[PDB]
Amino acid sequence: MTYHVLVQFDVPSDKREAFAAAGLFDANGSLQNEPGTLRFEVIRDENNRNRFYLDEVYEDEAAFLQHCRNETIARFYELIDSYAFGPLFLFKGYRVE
């Protein structure tokens, strides 16, 4: 029963590259340093150039709660706090079989 978390962010038009870099920093840092993290993808909406999505998967819920208290997500929020709208959690869920 993996734990899935889908997050959504909106950023101003002049901060598209800035957020993409911060999102990729969150992804690579979480994958390189947190054993509970199985997948971390950064996705851009196909039509809305200001809207991004984070598709995250963890071993269980405890691994996500650990991620929320680790250093990588703290630096990610330090990078984007001055412009980004979000997070909006589209869902949290468990994988079916």
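The numbering used is simple: start at 1 and walk along the sequence shown.
Got a sec? Mean C-alpha B-factor, which is higher, 45 to 53 or 66 to 74?
Comparing 66 to 74 with 45 to 53, the higher average CA B-factor belongs to 66 to 74.
What third of the chain does residue 6 rank in for C-alpha temperature factor, lowest, middle or highest?
Bottom third by C-alpha B-factor.
Can you work out whether the C-alpha temperature factor of residue 19 puts it in the lowest, middle or highest third of the chain?
Middle third - that is where residue 19 ends up once the chain's C-alpha B-factors are sorted.
Within this chain's modelled residues, let me know which third the CA B factor of residue 79 belongs to: lowest, middle or highest.
It belongs to the highest third of the chain when residues are ordered by C-alpha B-factor.
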